[PDB]
Structures are given as structure tokens and as C-alpha cells.
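In the C-alpha cells that follow, a single protein chain appears in two forms: structure 1, then structure 2.
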Structure 1
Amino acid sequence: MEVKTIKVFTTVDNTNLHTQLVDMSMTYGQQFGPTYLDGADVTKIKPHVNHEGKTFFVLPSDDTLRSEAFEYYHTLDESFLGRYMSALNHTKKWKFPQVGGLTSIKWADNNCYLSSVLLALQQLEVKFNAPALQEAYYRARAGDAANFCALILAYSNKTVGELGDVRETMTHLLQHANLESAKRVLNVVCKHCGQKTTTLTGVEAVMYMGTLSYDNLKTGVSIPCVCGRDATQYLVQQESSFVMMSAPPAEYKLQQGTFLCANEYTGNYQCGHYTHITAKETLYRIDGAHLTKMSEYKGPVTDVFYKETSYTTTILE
């Protein structure tokens, strides 16, 4: 007798494993729909005896599987799982060296922006509400980051090799972060329209676009008003474990002890390369696999991260 059937497990979350008896005369596709083995699309291949007892990813095809997928990924986007697997097939071959005490990514497939994201996340006090992200994030911190990178790609709607952006990626990722108690209060004054207090929460409480300087947001920054004038606003109150300050790329000085980490961007509207700036015993520039220690830094910066707990203004009235 030749082996005609094998037992395997199918899953959408790598946690709930569903026993299957597989017919070796049919493709995985014919039995399960689109099917993946460690990210590789095996929809078109027939089973092998060596597949016995292995775990295969499938698409959610009934209410139970859809529920398991939503519970794990916190999205109902039907294309997500396939995009995640497509990315994973490539990110499993990336290398994740320890550089300046953090898990970085050797350069591959235009992944500089993702390396800068990964490096930043390891320094923020953040957690993810989506179990897929939180579990992968834990493993990434230790050097096992292939899965986390594939997820970031999928959550970002980026494919492997696609040119990316740190701020855009952070916007997508932070939608799944623990930011429900993040709060920002801004005092806004227009000379024509008058005064108002704006309260922002969640992602909008921690991301700002217009200045790299947390000090400037505290003391006053120009902001367009609906009337066509430039109004001024400053930070009254901040409750979050960090803030991310962004601005169109320009030369900026970074001083150890005055920020947590940052993204350098060498380039312009067309093209650019993203490197990570942090500090340990001195300033560190981490460009994939490559470290440069620095005693000072003035360079082209687009995003600066700062630690926070709770801040209240000392500006009166």
C-alpha cells in the first residue's frame, strides 16, 4: 500500500489548529482553497508524506475561521491574510542583525523605512491590541522579526520591494496600538476667529506634522486657520508614553539626552533612504546592518520621537 492520506493542521492565527485529513491525489487548493506553508503558496502543489503533522495557513472560509482571523488580526479586509503570507515568504529570508543594541534589518527589497520603523518601535513604550502584532513584536525584539515585518507590510498595504515611508507606516500601525488613553490638549488662537481648545485622542494625540521639535509644540507653533490666516497653537496637556514629531525633510540638529530616537531621510520628493538615529553611550546612526557612532548630528530629519508620561503647560491664562 502507498500512503493515500495524511493528517495536517490548518489555521488562520497559528493558535487554533484545525485537524484535516488530506487526500494526496488532490492539490491543497482543491481541498482548502488558497493554502500556504511557512508563507509559500502551496495552492497548486499536491501533498507529500513529509507534510504530515505540519501546519498550513488557509483563508477564512466560514464564520468560525472569520472570527478567529478577526480576533487575531483585528481587520476584516479579506485580502489581508494573502498579502501577509506573500510578504512572509520574502521576509523569512531577511537578516536581522543586532546593531547598537537593537534588532535592525540588513538592507533588502527597499526595506530601509521598515528597519527604521522596527528600530523605533523597540524604544517606545507601546503595545498592540491585535494579538498578531503583539506576539510578533515580542519575537522581533529578540531578533526573530520576519513575521513582524510581514505583518507591518500587510497592515501598511505595502508589498515586499515597494518604496515606503516611516510616517505613513507608523500611521497604519498605530491604529492597532494601545492608544485609547492617549490625550492631547491644544490651545489655538486666531487673531480673527478667536480662541479654542482642541482635544485629540489616540493616534491623533501622539502624531504631529509641522515641526520636529517637541519644545516648539510646547511654546507655540504656526498652524493654518480655516479663514486663511496663520493661527498659533501650543500644547496644554499631553498624556501618552511617547510623542512622534514629523516635518518635511530639513537639516536638524539632534542632541543626546533631548530626544528618544529619530528618522533621517536622505532624499527628496522622488526618492530617499531612511536611517535610524538613537543614543546609548553616544549618538548612534543605524543604517540596516551598519552602525556609525557620532558626537554630534546635524542632518536631514523627518521624524523625531520623544518619551512622555504626563505633561502640563506652565503658560498662564
Structure 2
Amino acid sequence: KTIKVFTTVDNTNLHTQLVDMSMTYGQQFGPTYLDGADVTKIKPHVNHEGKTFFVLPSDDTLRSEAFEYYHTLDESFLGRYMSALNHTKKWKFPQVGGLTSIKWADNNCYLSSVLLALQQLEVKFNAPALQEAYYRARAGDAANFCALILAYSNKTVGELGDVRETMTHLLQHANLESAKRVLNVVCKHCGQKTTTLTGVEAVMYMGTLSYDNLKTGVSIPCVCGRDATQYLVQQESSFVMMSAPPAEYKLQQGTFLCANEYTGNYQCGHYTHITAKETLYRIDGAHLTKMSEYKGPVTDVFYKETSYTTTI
């Protein structure tokens, strides 16, 4: 005999569907899931009904629901999200220094840092999936948020990941609509040029870890065979993230918002988060340690911001 179940892609909109006892969900819906669990080819358990299944957007209304919720047109997204969620729901999200963190697992240290950094920045997401999952993550329930970050950045559970690259995909879905940056490049020979940067690039900079240094000038190669100076004339955003490859860099109190460091090599290494509180907290998944100063291989540093305009 048949039965009635519900299908969804966003978990908010449900669609009543007659489930023929004969087939496997896959024959009837396509790829299908339960709580992350893949069940594409299986038979409907006699007490299966009244349960909500995920499915691939196999028609207009579904495709439309996914885009609205996820803000993606990638036909594989929903299936990758589910694979990840399937595993992230096995992770532990303890409070460490008054933030949600991640107990080490499956090379997820980088996601930990992303997650700890986000919680300290006033940033909002456009995609309802991100908004909601983030709201739930700040509240200690971060399985969905991780699975989504993984899916947005095209990574799978187990792989080691780069915090910066990951920020790049995420900040693509953050409200940076008002975020503006103006940079001036002066070459003593070539002359001057000025650039306005919007979106992700208004907030993210690869070249120095120091925010002061971008204000005072950083040297860069000039097509002229010389060394140019790049400095910030104007900043409009609630934060900035500064990145460099791992080098020995000193973190003092009162100078930054938060940071992470990477120890190891490109192929194989470990991230830890540092946050500046009453004193410095170094958050390493579940583990916590304090110090008044840290000098190590910092890779990404965050600073708070409102509006900045240069003298000069």
C-alpha cells in the first residue's frame, strides 16, 4: 500500500507527496535524504509517513525555493550540503572563552577559526540559510552552519581548508552593500593611481597583517621595475581582515580584534584562533589558554572599524 510524506528543500516549505510503497525514494523523487542520511534507493518504511524528506529541486517550485533560501543556482549544492551535514551533526560545539568553538575533528580546525572570528564581527548574511544557521550557531548549535560553509566553499568534510579562501566565499553572501574602500598607489617614478574597492575586496586585504601598515603605506611591485607605495585613504566597513602568509608576527593587547595562526606547512598544518579579551585567549578547538602577548605564525588578523579617512 502507498503512503503520504512531505518533501522540502529549505525545510520551511513542505510539499505533500503520495509515496508508492512499491519503489525506492530515488525512483519516485530522485536523490533523497533524511536528517542528512542518504536514502535515495530504499523502500518507504511502513511507519515512514508524516516524515519530511529533502530532495533535489526537480521542478520549478523547488528550484525556486532553493534559490530563495540558499542564493545559489548550483544544482549540486543541496546534495553536497546534505553530505556535509550528515557528518557535522556528529561534531561537538563547546563554549570556549564565551564563543561557540569546534572540538577537533576531520581537519575542521579552519572552520573553527572562521566560526570564532565571525562571532566577533558585526556582519550579516543575505541568504536565509546562512542567517538562520548562523543565528543557531551563535547559540551553540552549529551543525548546519558548518555544513553550509563547507557547501558554499566547495569543500568536503575531512579536507584541510584555508581560512582566508573560506572567508572569501562566505563574505560573498554577507551584506557588504555599503562597504567601501579607497586605496592610493604612489610610485615615485610612475605617478599615482587611486582605486575604489567594493564587495569582499573592501574588507579583505592580502599583503600585510597590520592595519596600521596599510594606513602608513605598504610596498608593492610597480610595473616600473620599482617598489610602489599603497596606502588607505578611506575605509567604510564594520571590520577588516588582513592576511599574509605565515611569518613571525607579534600580537599585542589593545591592537586588534582577533586573529588566527597556522603552524605546519602548506600541505599539512593546524590553525588556532587568538582573541583579545581582558587578556589574549588562544582557542584551539576545545582547548583554551591565555597569555599577555603572542609571537608566532599569524596568518589572518581582524580589526574593528566604522569609518576611516586619511590625513595625507
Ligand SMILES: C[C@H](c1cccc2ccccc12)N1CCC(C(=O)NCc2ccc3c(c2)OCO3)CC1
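Definition used throughout: the rigid core is the maximal C-alpha set that superposes within 1.5 Å between two forms. For residue numbers, the reference is structure 1: its sequence is counted from 1.
- Only structure 1 matches the form solved without the named molecule.
- Among the candidates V203, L124, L217, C225, displacement between the two structures reaches 2 angstroms at the C-alpha for one position only, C225 (superposition on the rigid core).
- Core-superposed comparison between the two structures: the CA of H51 exceeds or equals a 2 Å shift.
- Here the rigid core is superposed, and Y28 then shows its C-alpha moved by 1.3 angstrom between the two structures.
- For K298, the Cα shift between the two structures is 0.7 Å when the rigid core is held fixed in the overlay.
- The rigid core superposition between the two structures gives a CA shift for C193 of 2.3 Å.
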